[PDB]
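Written out below as structure tokens is the structure these notes cover.
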Amino acid sequence: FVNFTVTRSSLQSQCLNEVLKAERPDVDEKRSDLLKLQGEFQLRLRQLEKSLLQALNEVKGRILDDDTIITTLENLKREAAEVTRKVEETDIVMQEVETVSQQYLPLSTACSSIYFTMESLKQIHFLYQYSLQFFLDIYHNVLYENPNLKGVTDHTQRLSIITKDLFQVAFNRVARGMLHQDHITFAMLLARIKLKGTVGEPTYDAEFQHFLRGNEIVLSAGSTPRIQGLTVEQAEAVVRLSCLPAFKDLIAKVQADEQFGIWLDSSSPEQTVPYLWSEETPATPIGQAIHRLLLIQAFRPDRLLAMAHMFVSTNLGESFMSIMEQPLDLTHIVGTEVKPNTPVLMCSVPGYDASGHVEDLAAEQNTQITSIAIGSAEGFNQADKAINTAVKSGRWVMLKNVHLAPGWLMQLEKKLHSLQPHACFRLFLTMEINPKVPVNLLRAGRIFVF
Amino acid sequence: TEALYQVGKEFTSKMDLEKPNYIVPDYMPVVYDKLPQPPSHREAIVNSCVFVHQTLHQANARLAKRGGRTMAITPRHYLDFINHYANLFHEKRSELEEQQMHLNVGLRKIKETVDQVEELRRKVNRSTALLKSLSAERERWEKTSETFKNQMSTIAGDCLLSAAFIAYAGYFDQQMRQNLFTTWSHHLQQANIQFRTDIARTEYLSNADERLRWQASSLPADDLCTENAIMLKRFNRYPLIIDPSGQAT
């Protein structure tokens, strides 16, 4: 059995190799020297010794012009000395290697977590198809073509900048083809991934597990109205959070509190939540925010989305989602970072049109468009002809409403698997969100939601 | 376990796995009918082989427990492991002995060149350089001889681990492969068997030109891919590729 399947640890190792090759090329060169020390080093030492041997049997021990054999002998001496220094330094070079690799390990773990969450996004919606190549493109973009890495060279601030830019670029490249109501869910996923990543912060696994399922435990025996301002269902929520050790004394706390009622009736109470969780140590912003999130899950679950946005802002940095609020700027997305192999799959909720967006994009970038409707059979014929004649020149062929004929889109996927002669060639597929569109096409193309 | 021990001993009898200076450690009991109470080197090696099979079974059972997705292990796997161990040990030992004899031949040739220089003296300025470079090369080739004498001792455990990785370590992801390799390494350490410490499997089982051709033939540079390529090249049972992509094909 010879397995080529990608997995958590495989992605961790690949990401670690990439980051070591890019950020610390000297350390990676030491890796290469170490690996050739067991292998190629003694090999070319032997080859150079053999070369000295035919030099010896060639010069026949000449003495009049000795430098012919002296140069080779001194080269062998230098090579042997270098090998000797490297072998004597194996322990130190290796230990410094594990030091650097341990420095760059959380990045790889986070990368594996993010990629596999993105791949598991199939459960949320059928339109969330992502290939491995997509994530590797994200990583190649965040390593080389990172505007925030142009200046910094301390190798210690660069790591934090890389982490932040990685999270931001992943979110920006995913949410552009993802439903609006799923943005907050993906934000919580990324925030929890970074919360696992960050140092000095408890996992809060009990609090997360409560926030997810622990509110659904059976505690019907014990439901009391508490104060009249607290409803019976909110009282039951109080009981379930009192099961949590941090919020054990909520009942006594809400009895003592007299301003709790007006907060319960506030317009946006998530902006200012009273301090209820009892903890000796003053929790960091993240712990305070998650305790506040649980409290909001208890009282006023309507502001749950607002408090989730607040939590994501406090964890993943403020204005993390601000890119989504800004109107989509597809000129940069199409001009660069999209290979002509990948077709731009234009996905729109039924009852909406998106062809005007690519039309105005072409107007901005003064580029010809061969717009074709796929309804008729002659539509298929002319679409194929336009694709054939466009790769020869680079015309941005834009099909529309292609969800009607899934089989032809299977054929188009198979065709676009073949390489395109022209780089400037672009392809756009305007189509509705139907569960019949090819999954292979969705995975092989950039999905945009409108 | 006794059947595996007997067949392993019978198949490894042909191999020269006898080291008189080997020191018997404590503990490391796997086969419960070990022929001597203090085992010999060959018996320790066969015990390590049967431990490799047993721990493959244990890891398979644990993988089944924690998520399923388990392939059963058959005695054919043990026989393939033994054949890989035999062939790999033979290859490595043969290469080492050929390099040693080439070193000896070169030493005699350099001695003849020394004779030539001695006769030619009987210019002196170049002669002094020749003699000092001669002495330097002399100690260099001597230490090459002694380091061959040290590589010879560790040719057993390293080859055993490498063969086990070639045969047993398949269908297993990187984490499980590393866990199995470190388990075998710990067992060999407890058995006081001298294997190359922190040995890198890929370089020990592949040459520069092989990796170059693999990379030129559309192979990813990931360590998992290189290990899979090594398994592809050194195959006894015909390979089966589980590739979600078409890269391996």
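Following the order of the structure tokens, chains are lettered A, B, ..., residues in each are numbered from 1, and ligands are numbered from 1.
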
Inset, instruction - Please determine the contact residues of chain A with respect to chain B at a cut-off of 9 Å, counting only C-alpha atoms, and supply them as an NGL selection string. - result: :A and (1-10 or 13-14 or 17 or 35-36 or 38-40 or 46 or 49-50 or 53 or 56-57 or 60-67 or 69-70 or 73-74 or 76-77 or 80)

Inset, instruction - Pick out each residue of stretch 162-386 of chain A that DSSP on the backbone tags as helix (DSSP H, G or I); I need them as a VMD selection string. - result: chain A and resid 162 to 175 180 to 197 205 to 212 214 to 216 232 to 243 250 to 256 260 to 264 269 to 271 285 to 298 301 to 315 322 to 325 330 to 335 355 to 364 377 to 386

Legend entry - A:370, A:172, A:120, A:228 ranked by distance to residue A:260, top pick (using only C-alpha atoms):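 The answer is A:228, which sits nearest to residue A:260.
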
Inset, instruction - Any chance you could list, as a PyMOL selection string, the residues in stretch 166-394 of chain A that come up strand (DSSP E or B) when DSSP is run on the backbone? - result: chain A and resi 344-348+369-373

Inset, instruction - Compile the contact shell of residue A:221 as an MDAnalysis selection string: residues with an atom at most 12 Å away, counting only C-alpha atoms, same-chain residues fewer than 6 positions apart removed. - result: chainID A and resid 236 239:240

Legend entry - Distance query residue A:403 at most 10 Å, only C-alpha atoms, self and fewer than 6 positions along chain excluded, as a ChimeraX atom specification: /A:347,374-375,409,429-438

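Of the residues under consideration (A:201, A:257, A:28, A:384), A:384 shows the shortest atom-to-atom contact distance to residue A:412 when counting only C-alpha atoms.
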
Inset, instruction - Find the residues near residue B:39: any atom within 7 Å, counting only C-alpha atoms, skip ones fewer than 4 places away on the same chain, and give them as a PyMOL selection string. - result: chain B and resi 24+43-44

Legend entry - Surrounding residues of residue A:93 excluding itself and chain neighbours under 6 positions, 12 Å, only C-alpha atoms, as a ChimeraX atom specification: /A:26-35,37,85-87,99-100

Inset, instruction - Pick out the residues sitting within 7 Å of residue A:129, and hand them over as number ranges by chain; count only C-alpha atoms, and ignore anything fewer than 4 positions along from it in its own chain. - result: A: 122, 442-443
